[PDB]
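Everything in the sequence shown is counted per the UniProt record's numbering, starting at 1025 for the first residue and increasing by one. For reference, the structure discussed in these notes is given below.
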Amino acid sequence: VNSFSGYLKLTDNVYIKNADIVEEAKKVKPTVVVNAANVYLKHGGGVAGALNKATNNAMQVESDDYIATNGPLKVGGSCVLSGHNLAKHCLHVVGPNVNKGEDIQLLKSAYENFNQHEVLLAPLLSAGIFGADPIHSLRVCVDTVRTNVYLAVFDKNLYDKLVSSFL
Ligand SMILES: COC[C@H](O)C1(Nc2ncnc3[nH]c4cc(Br)ccc4c23)CC1
Ligand SMILES: [Cl-]
């Protein structure tokens, strides 16, 4: 039993809700919140901009030190950093950005990072400003993630389309 509330169950292990991931993280304080990161951990907009803003820029400060030490992530890769006031940990996951020409096949590799964590609160990777089809992202999520994932979808219209079209 866990504290996630109001989710629709899609499969044995995937759940979905129309919710602002920032407000959801603040309420649940999950062990892991997933950020829709880029390789530079520059949290300017989309989900990343919103999560970082909610930490009062502490996520960005921590991220800049991480990059100075380790260099950029790989597309499809991830790193675990602090969850600040939102979660115990933040899993920064880089899905391919279609508006940069990145291989959509890398989306499966990106979701594989979720399997290293038993339970996660997450957005749909590569959706939003990353330019991928969210219906496809949900399909890859369901077919790749085996751990327990709670997906927060900000847009109500998109949420209804994802549920109604789910196979
Ligand atoms: C149609 O594209 C939206 C997608 O659902 C997407 N973004 C989000 N997902 C889940 N929680 C979220 N809280 C936010 C707060 C701000 Br401000 C901006 C974006 C998000 C956000 C890309 C995954
Ligand atoms: Cl977004």
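Even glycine gets a Cβ: it sits at the ideal position worked out from N, Cα and C.
Item: Shorter than 6 angstroms, the distance from the beta carbon of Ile1159 to the closest heavy atom of ligand 2, or not?; Value: no
Item: Return yes when the C-beta of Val1046 is under 6 angstroms from any heavy atom of ligand 2, and no when it is not.; Value: no
Item: Can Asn1123 and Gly1073 be called in contact, C-beta distance under 7 angstroms?; Value: no
Item: For the 8 angstroms Cβ check, are there 3 or more pairs between the region 1094-1104 and the region 1052-1070?; Value: yes
Item: Taking C-alpha atoms, which residue in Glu1048, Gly1068 and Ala1134 lies nearest to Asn1081?; Value: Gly1068
Item: Since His1113 is in the beta strand (DSSP E), which residue starts that stretch and which ends it?; Value: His1113 to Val1117
Item: Between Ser1133 and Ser1150, which are expected to be in contact by the criterion C-beta below 8 angstroms, what is the C-beta distance as a whole number of angstroms?; Value: Rounded, the Cβ-Cβ distance is 11 angstroms, inconsistent with contact.
Item: Go through its chain and collect everything with a Cβ distance to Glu1142's Cβ below 7 angstroms, but skip five positions before and after it.; Value: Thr1171 and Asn1172
Item: What is the DSSP secondary structure of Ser1188, counted as helix, strand or coil?; Value: helix
Item: Could you tell me which of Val1164, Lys1033, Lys1050 and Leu1115 sits nearest to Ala1146, measuring between CA atoms?; Value: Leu1115
Item: Helix, strand or coil: how does DSSP classify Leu1110 here?; Value: coil
Item: Among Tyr1174, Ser1029 and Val1057, which residue has its Cα nearest to the Cα of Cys1103?; Value: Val1057
Item: Which whole-angstrom value is the C-beta distance of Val1071 and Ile1091, which I expect to be below 8 angstroms?; Value: The Cβ separation is near 19 angstroms, so there is no contact.
Item: Could you tell me the distance, in whole angstroms, from the CA atom of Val1164 to the CA atom of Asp1157?; Value: 11 angstroms
Item: Can you give me the C-alpha to C-alpha distance between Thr1055 and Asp1127, rounded to a whole angstrom?; Value: 30 angstroms
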